[PDB]
Structures are given as structure tokens and as C-alpha cells.
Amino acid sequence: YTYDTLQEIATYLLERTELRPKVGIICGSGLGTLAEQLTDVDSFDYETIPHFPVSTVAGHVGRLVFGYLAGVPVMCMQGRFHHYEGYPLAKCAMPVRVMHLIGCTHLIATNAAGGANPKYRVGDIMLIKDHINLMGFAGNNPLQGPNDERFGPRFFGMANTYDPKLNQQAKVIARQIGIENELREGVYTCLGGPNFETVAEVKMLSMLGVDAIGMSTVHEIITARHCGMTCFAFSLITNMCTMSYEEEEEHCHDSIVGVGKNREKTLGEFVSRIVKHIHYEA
């Protein structure tokens, strides 16, 4: 994906919707119903958009929806792309660069995750304060290759990547809507997958300071920071990681999506208030 190609995707969309969102939202496993709450919608199935990858995972509808979320224009990825589907991280992160070119100044990244922190409960929302990019340590980063200064600088720091003020405002909101007890804040990691983690892997990740284990988001976030966007992200805790050889393990994708589906009203209200906050501060 060159700059020119990405700008063709952006123009393609800007000619076909009048909406000019300042916020992009990526909906993960069981979070796709965020997109169903928008009004005055212009919708584009991924398989119809030039150069666009398709979502092959169940519960990822595969649709870019422009609409109003409680009156605020947003761009919504209803469905994400994952490295385990065979997509390089630059390709999974490509919509973030499209968002940036469309004029989004903010990225809200959303995902399902397993709770490696044993104090978490299924159904909790964990604010991502930080991440550990293991893929990146190994050389697998979406920014590898020639750098285009029209997007951003060759090198950049990660301080405040997960915006501290939006994280603090999300705590204020959680308490307004009565979900503070189901609200966490901690560290996310993105692993290859598609298999889930062994007991030894979960022990190692957790001792290194990981609270939530998923398979996305980090490379999306790094692409967003590269081009100057403000990021906010959260994990819905859809299952607890297996902590012992003694525990019965029942990890199931359908149940994992189910967790989010059953919380669609609360998630929608939560994201809706975050977006409201971003809009009024601007």
C-alpha cells in the first residue's frame, strides 16, 4: 500500500459519502454492534471497496459504516483484519491510514481479550493504558520499510500513546453509567494466534506485566500514532486465561462474541459518551 493507493481509497469514500468524521472506530470480536447504533448511515461492504481486505472471521461483518453516533459523525470498521488470517500487519493497519487521510484525528480501537489478570471478570472492560508489542520486538511491525513523511517521521516515541486524558474521562463515564466495578485499566498484548495460549505462555505473559491477551490492535495503534492521531482503546474481557493444569478450559469463539453481543447497550452508551467527549473538547 503506497500513499497514492491509500489516497485513492480515501477519495473513493469521500466522493460517496457527505459525512466528514473526526473519529474512527475499529469494532472487534463481539463489538460489531457498535456500528448498528449509528444514524444517517452510508455503508460500504469491504468486498466492494478498492484494494480492501475482507474479514473472514465470524462476527466480523466486514463493512465500513459512516454515520452519527448520538449526533457525532464517525467512521466505523464493523469487523477487523487479523494477522492470523494471513494479512501482513501493514495491511491489517491500512484502514487507519485511510481514516487519517479522510480527516480522522482520533482512533478508538476496540477488541476482545482473555483476562491474564485473575482479578478480572468476564464482561469487564479493560482500558488499555499500554501495550507490549512482542511482534515488533521480533521485526514484525506495520511501519517496516521506506518511511513516507507525508504520514509521519522515521522514528517516534510511544509516551502517552493510549491517551491519558481519555482514559481518565472513560473512568468518569464508567462511574456515570454505573459500570465502575466492571472497569479495569492495564496492559494489552497482541499475539499471532489463531490458537489460544498455553498455561506456561499465560504465566510468562502475566509475569512480564500483561493483563489482557488478544490478537489485534497494537499495529493499528502504532500506525495511528505514526500519523499523529490521538488513540483510545479498550479490551472487553470475554474469557479468563487458563491459569493451571487443574482448571477445565472451555475457550469458544462463539461464546467470546456472545459476551459482547450481550452487552451491546452498555458498550454503545460507553463509546457514545467517549465520542461525545472528544467532540465537545474539540
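All residue numbers refer to positions in the sequence shown, first residue = 1.
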Inset, instruction - Could you check the entry and say whether 221-229 or 66-74 has the higher mean CA B-factor? - result: 66-74
Legend entry - Stretch with the greater mean C-alpha B-factor as recorded in the entry, comparing 175-183 against 193-201: 175-183
Inset, instruction - Name the one of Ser235, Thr48, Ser255, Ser216 with the greatest CA B-factor according to the PDB entry. - result: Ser255
Inset, instruction - Quick one: classify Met94 as lowest, middle or highest third of the chain based on its Cα B-factor. - result: middle
Legend entry - Third of the chain, ranked by Cα B-factor, where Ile25 sits: lowest
Inset, instruction - State the tercile, meaning the lowest, middle or highest third, of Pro118 with respect to the CA B-factors recorded for its chain. - result: highest
Legend entry - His82 CA temperature factor, ranked by third within the chain: lowest
Legend entry - Ranked against its chain, the third holding the CA B-factor of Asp124: middle
